[PDB]
Amino acid sequence: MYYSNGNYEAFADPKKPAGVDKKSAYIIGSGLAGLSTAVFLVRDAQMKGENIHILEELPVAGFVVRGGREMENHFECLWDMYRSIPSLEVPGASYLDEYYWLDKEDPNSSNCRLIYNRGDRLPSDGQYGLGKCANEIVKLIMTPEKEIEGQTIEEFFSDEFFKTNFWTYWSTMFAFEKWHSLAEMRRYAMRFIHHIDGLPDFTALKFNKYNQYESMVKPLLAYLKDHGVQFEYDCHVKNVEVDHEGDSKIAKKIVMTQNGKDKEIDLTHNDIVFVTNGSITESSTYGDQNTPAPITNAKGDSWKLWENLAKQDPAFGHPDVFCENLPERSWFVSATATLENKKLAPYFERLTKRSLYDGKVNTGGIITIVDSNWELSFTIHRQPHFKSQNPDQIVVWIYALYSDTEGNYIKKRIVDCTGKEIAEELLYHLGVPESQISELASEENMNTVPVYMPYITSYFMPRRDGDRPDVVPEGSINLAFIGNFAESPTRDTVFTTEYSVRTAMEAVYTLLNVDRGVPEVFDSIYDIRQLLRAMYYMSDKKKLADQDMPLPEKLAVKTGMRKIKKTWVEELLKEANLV
Amino acid sequence: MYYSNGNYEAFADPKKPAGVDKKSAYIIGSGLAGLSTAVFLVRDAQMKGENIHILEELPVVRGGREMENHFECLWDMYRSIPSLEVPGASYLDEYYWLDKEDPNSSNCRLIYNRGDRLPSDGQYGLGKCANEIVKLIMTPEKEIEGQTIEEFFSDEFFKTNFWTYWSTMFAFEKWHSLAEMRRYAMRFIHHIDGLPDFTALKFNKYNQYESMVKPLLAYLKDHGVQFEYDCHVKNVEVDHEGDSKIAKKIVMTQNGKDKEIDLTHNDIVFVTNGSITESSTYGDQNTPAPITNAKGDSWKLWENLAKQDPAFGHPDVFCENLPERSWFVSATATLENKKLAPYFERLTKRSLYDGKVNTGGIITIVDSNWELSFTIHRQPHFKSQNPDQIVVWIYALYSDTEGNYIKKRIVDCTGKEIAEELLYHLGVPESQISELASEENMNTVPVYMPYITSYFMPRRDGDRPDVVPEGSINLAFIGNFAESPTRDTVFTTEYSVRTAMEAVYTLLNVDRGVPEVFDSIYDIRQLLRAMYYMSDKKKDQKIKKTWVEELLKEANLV
Ligand SMILES: CCCCC/C=C\C/C=C\CCCCCCCC(=O)O
Ligand SMILES: [K+]
Ligand SMILES: [K+]
Ligand code: NA
Ligand code: NA
């Protein structure tokens with residue numbers, strides 16, 4: 001397979017690859033990576049739909065894990081996929097079209113990103129406030145990824161850096177903890193460089209009409225069903241037995257339980273197996289208005305399956321680094337709070353400066369309470385987020401970056417709180433008078449459901465050589481790993497739906513010999529215009545000569561500025577507002 | 001309107017723009033820019049086809065150029081055009097699959113000495129003259145207004161293989177626009193690895209009319225687009241109201257009769273200003289093409305517009321006082337049997353008769369006095385060719401020099417004489433040349449095109465009108481003499497399509513991005529790669545060293 005960019009390869013359709021009529025696919029896991037794998041097999045490999053088998057764990061607001069993340073314009077592979085998927089909401093258009101038009105009619109932005117002091121906007125909200133710490137980000141970008149394997153974010157950055165607005169925005173919007181992968185943080189800084197101008201106000205974000213299941217999954221299900229793709233339910237895959245001959249690796253048998261019955265699927269080299277290794281949602285537990293979600297570190301089918309594959313070959317990854325020994329401080333709890341009436345509306349509208357009731361964007365993404373002990377953030381998407389909402393209901397999402405600290409108002413770790421308690425802590429930080437908080441958080445007014453997710457932070461655990469298996473392991477004849485614990489050969493970023501679609505595309509194009517380019521990760525880190533733009537924005541719009549940096553670097557900059565005067569390079573710096 | 005890049009904007013379909021149902025379009029000129037205007041109007045503006053009027057000068061030449069992968073706008077258009085040759089597929093798909101099955105490359109780019117490959121063929125051979133190219137890219141465009149190529153480069157630069165390759169493949173003459181040469185060097189930086197062997201180039205299956213024009217005509221006719229024939233537009237009368245400019249009347253002769261079309265601000269006029277093919281003449285095997293500098297309908301129309309507003313450009317800059325040395329003559333030689341085939345096959349090392357690429361682009365005879373180049377596309381180039389016919393294209397960069405064998409300037413030569421000069425340079429024994437170039441064996445037809453080099457004349461700000469002039473309510477200029485706001489390069493079909501897209505999206509308020517010029521000049525990987533290939537692959541041209549290597553490896557540069 002090969003990588004490409006530009007419209008010629010984007011718009012081109014591949015020829016049907018040789019041999020595909022003889023082949024079948026077994027997709028283990030029906031999350032976005034698996035569904036996307038089926039799409040590329042149907043559309044591009046031209047595999048017969050009835051030869052594609054999606055093995056699904058499940059059988060044939062308040063729901064917190066039907067929920068998803070924002071996207072951005074440069075999700076190159078994901079948009080390649082969704083332009084071919086009919087919209088369910090807009091008949092006659094693609095899903096891309098629905099989303100593009102929605103984004104044009106109701107563009108995303110935040111009027112208030114950071115609050116403190118029980119409801120005041122942080123006075124420096126909007127500013128990165130990096131000062132000389134910006135140099136640290138530059139130094140990270142200039143440090144090769146192979147030099148920083150296993151290292152954490154806090155091992156690299158200064159104490160000062162973690163006190164900056166930049167770190168607040170970054171850690172909260174991406175869910176980076178200080179003990180997470182430095183290499184992944186570097187990948188994010190490179191990957192999303194083109195959006196440095198749009199991070200504090202979230203103008204860089206785009207969102208679906210509805211919750212992820214409704215908006216992103218249902219159109220895929222409809223498309224796959226329409227092409228005769230086979231869905232197997234109540235499937236619990238215990239293992240994929242892999243044969244070794246020479247340097248070749250061949251999936252030989254799928255071992256599973258389905259409808260309570262032990263089954264095996266015998267495979268040949270023409271049966272292609274795609275494994276979603278690992279899960280960030282598995283083992284989630286649920287509380288309710290009056291009950292905490294039970295704390296657990298149980299492993300389910302996904303983690304066990306990866307363990308069983310890992311035992312068979314050193315190239316099949318190391319699940320333990322992602323699912324074992326996560327710190328107590330990790331993000332675990334997310335909650336949805338349903339406002340049942342309009343009593344609390346003014347406490348949110350005073351922040352967003354927008355009506356909650358007009359169907360358009362509200363918070364524009366998370367608001368973070370910077371002096372909350374939990375590092376509590378909340379967001380209100382455009383509404384309704386669930387089509388089942390009555391017209392008076394508004395659904396608020398609530399999350400805590402720190403799980404080991406007692407709250408400011410409710411003196412408990414978030415992991416020990418009922419839904420009502422989580423709501424009470426929020427209301428406290430919104431400025432609701434304390435005498436009203438108990439009533440305003442009670443069921444007549446709000447219903448709040450917490451979920452404890454042991455592995456929600458797992459994608460970002462520091463990685464060493466071999467921890468993630470290659471999408472197509474060397475010598476693999478008919479076996480791929482897909483999803484956000486697989487190792488794409490690119491520098492793409494995990495905890496994104498783009499990465500799921502990418503691994504699907506790379507797996508299918510590689511194993512089925514699809515003769516069309518896979519888009520490279522969008523090359524903004526190599527675009528001089530974006531490098532210069534980022535240095536302008538990151539410094540809170542200082543000219544390059546005025547930016548705080550160690551004196552030898554400052555001297556180097558002055559010398560260089562003299563070297564390029566009156567040249568095209570100077571025009572590029574002027575265009576970037578750096579001179 | 002706005003510029004974009006990436007797949008999100010590429011794949012997105014625009015909403016139907018407000019007010020389009022009350023609007024019509026008048027497209028003056030049916031070259032590629034005009035047809036492309038109509039495609040964007042139908043597909044993206046959703047203007048009714050019956051409200052789109054293409055005014056065609058002809059009642060009722062065929063040859064075009066290569067393309068490359070980063071023709072972003074042109075591929076945006078052709079992915080929506082059904083292929084005529086491969087039913088069920090887009091034209092882009094036809095072309096993409098063909099390019100994969102029969103990829104283009106040249107095994108012989110430069111020849112001399114009556115049929116030897118030049119010994120340094122394949123090398124740029126720039127040496128320190130490479131610095132001059134760097135200097136040019138580092139010179140702001142605003143500093144080189146009106147300058148010519150020969151005003152900037154050293155005598156030594158013009159002796160380099162680089163200049164031979166560049167001048168002949170792009171038809172840059174020494175007195176042409178330096179700014180445009182700079183734009184070509186920046187625009188096509190991503191293909192520096194592929195210029196001497198033409199692996200950068202892609203070609204249609206057939207001649208430009210058959211391959212590029214016919215599918216457009218089918219698409220537009222299928223959508224109800226109106227074609228008006230034998231239209232000779234003499235003027236577009238433009239009113240001025242405050243700062244606004246509004247096309248008010250089209251004045252034209254159609255079918256022997258004078259007519260006027262009255263316009264409102266909802267009738268959108270797209271003018272292809274100027275033409276490189278206008279006033280072309282044809283000779284035959286035994287007759288030179290008649291020589292001329294006549295201005296025709298297109299030049300006269302641009303002049304009549306230029307008179308009405310200083311924002312409407314200055315055609316005289318491009319169409320007057322072209323040097324006698326300019327390229328004027330192209331010829332097609334049809335081989336009627338296989339008697340001459342070895343003289344081409346010895347060069348290409350490929351059979352002429354297997355339907356696959358042959359010369360891969362022009363071969364230039366570096367020691368010919370005319371600077372004669374010739375190409376043999378994949379065959380047949382015309383569907384009407386009999387199986388034993390092979391069509392060869394021939395051009396001369398210099399029109400003011402006597403040939404080496406035929407002692408005449410190309411502009412004074414019959415088809416047969418142009419063939420004889422070619423066969424001389426292929427190493428055919430001179431005693432055999434007259435018979436082998438005779439009609440039983442070769443039939444050669446010369447064309448004289450007075451304006452073929454006009455796109456590249458040195459220009460200043462304002463000489464090309466903006467695609468949508470400031471304050472224009474319903475008038476656009478399209479094609480390769482209009483000024484796109486980008487750094488894009490003329491003498492390309494890509495530029496035609498770009499101006500069409502810019503004009504339509506601007507005047508009709510289409511809310512979708514127009515792809516920016518592909519940004520390879522800003523991609524540091526390409527800056528580094530270009531330095532490597534331009535120097536003929538030179539390296540030459542501690543802990544930190546190791547991190548630099550690791551970074552380069554991380555970016556696949558090593
Ligand atoms: C999001 C931040 C992006 C800002 C731009 C990033 C990088 C700019 C490009 C490289 C800077 C060139 C100087 C390299 C510094 C080397 C210092 C060192 O020897 O360690
Ligand atoms: K709103
Ligand atoms: K051939
Ligand atoms: Na930016
Ligand atoms: Na296509």
# chains A, B, ... in the order shown; residues from 1 in each chain; ligands from 1
>>> residues_near_ligand(ligand="ligand 3", cutoff="6 Å", atoms="only C-alpha atoms and all ligand atoms", output="VMD selection string")
chain B and resid 350 to 352 354 to 358
>>> interface_residues(of="chain B", to="chain A", cutoff="8 Å", atoms="only C-alpha atoms", output="PDB file with C-alpha atoms, in the first residue's frame")
ATOM      1  CA  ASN B   5      -7.129  22.136   1.180  1.00  0.00           C
ATOM      2  CA  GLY B   6      -7.747  18.583   2.445  1.00  0.00           C
ATOM      3  CA  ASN B   7     -10.441  15.937   2.002  1.00  0.00           C
ATOM      4  CA  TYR B   8     -13.273  17.533   4.021  1.00  0.00           C
ATOM      5  CA  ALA B  10     -12.852  18.229  -1.410  1.00  0.00           C
ATOM      6  CA  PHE B  11     -15.666  15.780  -0.716  1.00  0.00           C
ATOM      7  CA  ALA B  12     -18.273  18.220   0.583  1.00  0.00           C
ATOM      8  CA  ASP B  13     -21.137  19.249  -1.743  1.00  0.00           C
ATOM      9  CA  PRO B  14     -22.176  22.894  -1.462  1.00  0.00           C
ATOM     10  CA  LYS B  15     -25.674  23.930  -0.433  1.00  0.00           C
ATOM     11  CA  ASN B  69      -1.347  14.708 -10.187  1.00  0.00           C
ATOM     12  CA  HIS B  70      -1.672  18.074  -8.403  1.00  0.00           C
ATOM     13  CA  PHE B  71      -4.061  19.687 -10.860  1.00  0.00           C
ATOM     14  CA  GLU B  72      -6.384  20.100  -7.827  1.00  0.00           C
ATOM     15  CA  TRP B  75      -9.531  16.729 -10.827  1.00  0.00           C
ATOM     16  CA  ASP B  76     -12.275  18.244  -8.657  1.00  0.00           C
ATOM     17  CA  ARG B  79     -14.386  13.268 -10.962  1.00  0.00           C
ATOM     18  CA  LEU B  92     -10.875  10.852 -13.529  1.00  0.00           C
ATOM     19  CA  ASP B  93     -11.171   7.062 -13.023  1.00  0.00           C
ATOM     20  CA  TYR B  96      -6.168   7.213 -13.196  1.00  0.00           C
ATOM     21  CA  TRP B  97      -6.465   3.547 -14.221  1.00  0.00           C
ATOM     22  CA  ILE B 137      12.509  31.782  -5.413  1.00  0.00           C
ATOM     23  CA  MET B 138      13.835  33.998  -2.633  1.00  0.00           C
ATOM     24  CA  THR B 139      13.057  37.148  -4.648  1.00  0.00           C
ATOM     25  CA  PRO B 140       9.575  38.529  -3.862  1.00  0.00           C
ATOM     26  CA  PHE B 518      -1.165  22.657  -3.941  1.00  0.00           C
ATOM     27  CA  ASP B 519       1.187  23.798  -1.220  1.00  0.00           C
ATOM     28  CA  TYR B 522       5.653  25.425   1.691  1.00  0.00           C
ATOM     29  CA  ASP B 523       6.255  21.772   2.562  1.00  0.00           C
ATOM     30  CA  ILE B 524       9.718  21.532   4.130  1.00  0.00           C
ATOM     31  CA  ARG B 525       9.996  17.893   2.975  1.00  0.00           C
ATOM     32  CA  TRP B 547      18.769  13.630  16.378  1.00  0.00           C
ATOM     33  CA  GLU B 550      16.373  10.547  13.478  1.00  0.00           C
ATOM     34  CA  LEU B 551      14.110  13.461  12.599  1.00  0.00           C
ATOM     35  CA  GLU B 554      10.826  10.251  11.066  1.00  0.00           C
TER      36      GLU B 554
END
>>> residues_around(residues="residue 278 of chain B", least_positions_apart="6", cutoff="8 Å", atoms="only C-alpha atoms", output="compact mmCIF listing (two decimals) with N, CA, C and O atoms, in the first residue's frame")
# COMPACT_ATOMS: atom_id res chain seq x y z
N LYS B 295 -5.37 40.01 -35.55
CA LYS B 295 -6.11 39.78 -34.32
C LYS B 295 -7.52 39.36 -34.70
O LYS B 295 -8.11 39.93 -35.62
N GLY B 296 -8.06 38.36 -34.01
CA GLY B 296 -9.42 37.93 -34.27
C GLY B 296 -10.38 38.34 -33.17
O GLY B 296 -10.13 39.29 -32.41
N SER B 298 -11.41 37.24 -30.32
CA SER B 298 -11.10 37.21 -28.90
C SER B 298 -10.24 38.42 -28.48
O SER B 298 -10.55 39.13 -27.50
N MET B 449 0.71 29.34 -35.61
CA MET B 449 -0.09 29.95 -34.55
C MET B 449 0.58 31.23 -34.01
O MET B 449 1.53 31.15 -33.21
N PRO B 450 0.08 32.40 -34.42
CA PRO B 450 0.76 33.67 -34.10
C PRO B 450 0.90 33.91 -32.60
O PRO B 450 1.87 34.54 -32.17
N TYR B 451 -0.07 33.42 -31.82
CA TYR B 451 -0.16 33.74 -30.40
C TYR B 451 0.19 32.59 -29.47
O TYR B 451 -0.03 32.69 -28.26
>>> residues_near_ligand(ligand="ligand 4", cutoff="9 Å", atoms="only C-alpha atoms and all ligand atoms", output="mmCIF file with C-alpha atoms, in the first residue's frame")
data_model
loop_
_atom_site.group_PDB
_atom_site.id
_atom_site.type_symbol
_atom_site.label_atom_id
_atom_site.label_comp_id
_atom_site.auth_asym_id
_atom_site.auth_seq_id
_atom_site.Cartn_x
_atom_site.Cartn_y
_atom_site.Cartn_z
ATOM 1 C CA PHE A 192 -3.104 19.671 15.379
ATOM 2 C CA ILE A 193 -0.674 22.501 14.777
ATOM 3 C CA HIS A 194 -3.027 24.054 12.202
ATOM 4 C CA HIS A 195 -5.576 24.652 14.970
ATOM 5 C CA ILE A 196 -3.399 26.518 17.450
ATOM 6 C CA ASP A 197 -5.468 29.621 16.537
ATOM 7 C CA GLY A 198 -8.639 27.852 17.622
ATOM 8 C CA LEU A 199 -7.953 25.923 20.785
ATOM 9 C CA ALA A 204 -11.353 24.433 15.589
ATOM 10 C CA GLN A 530 1.586 26.676 9.814
ATOM 11 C CA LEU A 531 4.862 26.546 11.745
ATOM 12 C CA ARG A 533 1.295 30.755 12.367
ATOM 13 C CA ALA A 534 1.705 28.520 15.436
ATOM 14 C CA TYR A 536 2.465 33.686 16.445
ATOM 15 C CA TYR A 537 -0.591 32.232 18.191
#
>>> residues_near_ligand(ligand="ligand 2", cutoff="7 Å", atoms="only C-alpha atoms and all ligand atoms", output="PyMOL selection string")
chain A and resi 354-362+382
>>> residues_around(residues="residue 110 of chain A", least_positions_apart="3", cutoff="8 Å", atoms="only C-alpha atoms", output="short mmCIF file (atom, residue, chain, number, x, y, z; two decimals) with N, CA and C atoms, in the first residue's frame")
data_model
loop_
_atom_site.label_atom_id
_atom_site.label_comp_id
_atom_site.auth_asym_id
_atom_site.auth_seq_id
_atom_site.Cartn_x
_atom_site.Cartn_y
_atom_site.Cartn_z
N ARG A 113 -14.49 29.75 28.30
CA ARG A 113 -13.78 28.49 28.35
C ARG A 113 -13.35 28.08 29.77
N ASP A 201 -10.86 28.87 22.16
CA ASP A 201 -12.28 29.20 21.93
C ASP A 201 -13.01 28.11 21.16
N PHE A 202 -12.32 26.98 20.95
CA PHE A 202 -12.89 25.80 20.29
C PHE A 202 -13.47 26.07 18.89
N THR A 203 -13.01 27.13 18.22
CA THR A 203 -13.49 27.35 16.86
C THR A 203 -12.94 26.26 15.93
N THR A 352 -22.54 31.14 28.54
CA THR A 352 -22.46 31.02 27.09
C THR A 352 -22.95 32.26 26.33
N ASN A 362 -24.11 25.65 22.31
CA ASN A 362 -24.22 26.28 23.63
C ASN A 362 -22.85 26.60 24.25
N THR A 363 -22.26 25.65 24.97
CA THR A 363 -20.92 25.89 25.53
C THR A 363 -19.81 25.80 24.47
N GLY A 364 -20.10 25.18 23.34
CA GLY A 364 -19.11 25.07 22.27
C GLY A 364 -18.00 24.10 22.63
N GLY A 365 -18.25 23.26 23.64
CA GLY A 365 -17.23 22.35 24.14
C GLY A 365 -17.12 22.57 25.64
#
>>> select_by_dssp(residues="segment 358-535 of chain B", states="helix (DSSP H, G or I)", output="PyMOL selection string")
chain B and resi 410-412+415-426+430-436+454-456+493-508+520-522+524-534
>>> decode(residues="segment 104-200 of chain A", atoms="C-alpha atoms", output="PDB file, in the first residue's frame")
ATOM      1  CA  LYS A 104     -22.005  25.970   8.319  1.00  0.00           C
ATOM      2  CA  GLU A 105     -25.460  26.745   9.752  1.00  0.00           C
ATOM      3  CA  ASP A 106     -24.404  26.341  13.399  1.00  0.00           C
ATOM      4  CA  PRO A 107     -20.631  26.790  13.667  1.00  0.00           C
ATOM      5  CA  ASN A 108     -18.934  25.815  16.923  1.00  0.00           C
ATOM      6  CA  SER A 109     -17.292  28.289  19.314  1.00  0.00           C
ATOM      7  CA  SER A 110     -17.094  29.000  23.028  1.00  0.00           C
ATOM      8  CA  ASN A 111     -17.815  32.392  24.608  1.00  0.00           C
ATOM      9  CA  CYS A 112     -16.396  31.170  27.929  1.00  0.00           C
ATOM     10  CA  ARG A 113     -13.778  28.486  28.353  1.00  0.00           C
ATOM     11  CA  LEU A 114     -12.437  28.804  31.914  1.00  0.00           C
ATOM     12  CA  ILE A 115     -14.273  29.798  35.094  1.00  0.00           C
ATOM     13  CA  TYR A 116     -13.361  30.144  38.787  1.00  0.00           C
ATOM     14  CA  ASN A 117     -14.467  31.763  42.029  1.00  0.00           C
ATOM     15  CA  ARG A 118     -17.901  30.173  41.747  1.00  0.00           C
ATOM     16  CA  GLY A 119     -18.897  31.604  38.381  1.00  0.00           C
ATOM     17  CA  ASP A 120     -16.475  34.339  37.279  1.00  0.00           C
ATOM     18  CA  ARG A 121     -14.763  34.015  33.891  1.00  0.00           C
ATOM     19  CA  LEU A 122     -10.984  33.630  34.437  1.00  0.00           C
ATOM     20  CA  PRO A 123      -9.590  37.100  33.592  1.00  0.00           C
ATOM     21  CA  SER A 124      -6.884  35.667  31.291  1.00  0.00           C
ATOM     22  CA  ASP A 125      -9.286  33.302  29.496  1.00  0.00           C
ATOM     23  CA  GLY A 126      -8.346  33.395  25.793  1.00  0.00           C
ATOM     24  CA  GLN A 127      -4.597  33.676  26.492  1.00  0.00           C
ATOM     25  CA  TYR A 128      -2.157  30.797  26.357  1.00  0.00           C
ATOM     26  CA  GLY A 129       0.117  32.543  28.880  1.00  0.00           C
ATOM     27  CA  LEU A 130       3.126  30.347  28.013  1.00  0.00           C
ATOM     28  CA  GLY A 131       5.922  32.932  28.076  1.00  0.00           C
ATOM     29  CA  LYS A 132       9.281  31.145  27.875  1.00  0.00           C
ATOM     30  CA  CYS A 133       7.490  27.799  28.368  1.00  0.00           C
ATOM     31  CA  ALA A 134       6.542  27.977  24.689  1.00  0.00           C
ATOM     32  CA  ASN A 135      10.168  27.046  23.998  1.00  0.00           C
ATOM     33  CA  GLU A 136       9.526  23.724  25.766  1.00  0.00           C
ATOM     34  CA  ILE A 137       6.863  22.807  23.242  1.00  0.00           C
ATOM     35  CA  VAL A 138       9.269  23.693  20.452  1.00  0.00           C
ATOM     36  CA  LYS A 139      11.981  21.616  22.020  1.00  0.00           C
ATOM     37  CA  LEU A 140       9.557  18.678  22.294  1.00  0.00           C
ATOM     38  CA  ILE A 141       8.654  18.880  18.650  1.00  0.00           C
ATOM     39  CA  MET A 142      12.351  18.886  17.774  1.00  0.00           C
ATOM     40  CA  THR A 143      13.009  15.785  19.907  1.00  0.00           C
ATOM     41  CA  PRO A 144      12.681  12.572  17.862  1.00  0.00           C
ATOM     42  CA  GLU A 145       9.894  10.225  18.960  1.00  0.00           C
ATOM     43  CA  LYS A 146      12.385   7.340  19.185  1.00  0.00           C
ATOM     44  CA  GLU A 147      14.286   9.263  21.904  1.00  0.00           C
ATOM     45  CA  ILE A 148      11.278   9.604  24.227  1.00  0.00           C
ATOM     46  CA  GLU A 149       9.745   6.108  24.404  1.00  0.00           C
ATOM     47  CA  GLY A 150       8.307   5.330  27.847  1.00  0.00           C
ATOM     48  CA  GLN A 151       8.683   8.938  29.034  1.00  0.00           C
ATOM     49  CA  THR A 152       5.837  10.844  30.657  1.00  0.00           C
ATOM     50  CA  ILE A 153       4.597  14.383  30.158  1.00  0.00           C
ATOM     51  CA  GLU A 154       5.716  15.507  33.621  1.00  0.00           C
ATOM     52  CA  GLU A 155       9.241  14.101  33.164  1.00  0.00           C
ATOM     53  CA  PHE A 156       9.756  16.486  30.224  1.00  0.00           C
ATOM     54  CA  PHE A 157       8.030  19.773  31.135  1.00  0.00           C
ATOM     55  CA  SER A 158       8.890  22.384  33.800  1.00  0.00           C
ATOM     56  CA  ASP A 159       6.814  23.045  36.913  1.00  0.00           C
ATOM     57  CA  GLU A 160       6.103  26.459  35.441  1.00  0.00           C
ATOM     58  CA  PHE A 161       4.651  24.902  32.253  1.00  0.00           C
ATOM     59  CA  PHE A 162       1.948  23.084  34.188  1.00  0.00           C
ATOM     60  CA  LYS A 163       0.760  26.387  35.662  1.00  0.00           C
ATOM     61  CA  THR A 164       0.057  27.931  32.225  1.00  0.00           C
ATOM     62  CA  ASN A 165      -3.357  28.444  30.665  1.00  0.00           C
ATOM     63  CA  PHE A 166      -2.027  26.395  27.770  1.00  0.00           C
ATOM     64  CA  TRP A 167      -1.691  23.339  30.018  1.00  0.00           C
ATOM     65  CA  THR A 168      -5.198  23.877  31.456  1.00  0.00           C
ATOM     66  CA  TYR A 169      -6.773  24.037  27.974  1.00  0.00           C
ATOM     67  CA  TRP A 170      -4.699  21.137  26.685  1.00  0.00           C
ATOM     68  CA  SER A 171      -4.972  18.653  29.556  1.00  0.00           C
ATOM     69  CA  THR A 172      -8.698  19.191  29.905  1.00  0.00           C
ATOM     70  CA  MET A 173      -9.793  19.247  26.280  1.00  0.00           C
ATOM     71  CA  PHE A 174      -7.709  16.186  25.391  1.00  0.00           C
ATOM     72  CA  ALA A 175      -7.717  14.315  28.727  1.00  0.00           C
ATOM     73  CA  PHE A 176      -3.924  14.301  29.060  1.00  0.00           C
ATOM     74  CA  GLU A 177      -2.796  13.460  32.569  1.00  0.00           C
ATOM     75  CA  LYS A 178       0.703  14.340  33.716  1.00  0.00           C
ATOM     76  CA  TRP A 179       1.773  10.695  33.812  1.00  0.00           C
ATOM     77  CA  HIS A 180       0.610  10.014  30.252  1.00  0.00           C
ATOM     78  CA  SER A 181       2.709   9.356  27.119  1.00  0.00           C
ATOM     79  CA  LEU A 182       5.032  12.247  26.207  1.00  0.00           C
ATOM     80  CA  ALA A 183       5.245  10.833  22.678  1.00  0.00           C
ATOM     81  CA  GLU A 184       1.456  11.052  22.320  1.00  0.00           C
ATOM     82  CA  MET A 185       1.432  14.636  23.556  1.00  0.00           C
ATOM     83  CA  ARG A 186       4.116  15.407  20.971  1.00  0.00           C
ATOM     84  CA  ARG A 187       1.994  13.700  18.297  1.00  0.00           C
ATOM     85  CA  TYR A 188      -0.944  15.913  19.247  1.00  0.00           C
ATOM     86  CA  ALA A 189       1.133  19.081  19.123  1.00  0.00           C
ATOM     87  CA  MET A 190       2.356  18.134  15.633  1.00  0.00           C
ATOM     88  CA  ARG A 191      -0.928  16.733  14.350  1.00  0.00           C
ATOM     89  CA  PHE A 192      -3.104  19.671  15.379  1.00  0.00           C
ATOM     90  CA  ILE A 193      -0.674  22.501  14.777  1.00  0.00           C
ATOM     91  CA  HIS A 194      -3.027  24.054  12.202  1.00  0.00           C
ATOM     92  CA  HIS A 195      -5.576  24.652  14.970  1.00  0.00           C
ATOM     93  CA  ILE A 196      -3.399  26.518  17.450  1.00  0.00           C
ATOM     94  CA  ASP A 197      -5.468  29.621  16.537  1.00  0.00           C
ATOM     95  CA  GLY A 198      -8.639  27.852  17.622  1.00  0.00           C
ATOM     96  CA  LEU A 199      -7.953  25.923  20.785  1.00  0.00           C
ATOM     97  CA  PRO A 200      -8.942  28.334  23.602  1.00  0.00           C
TER      98      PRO A 200
END
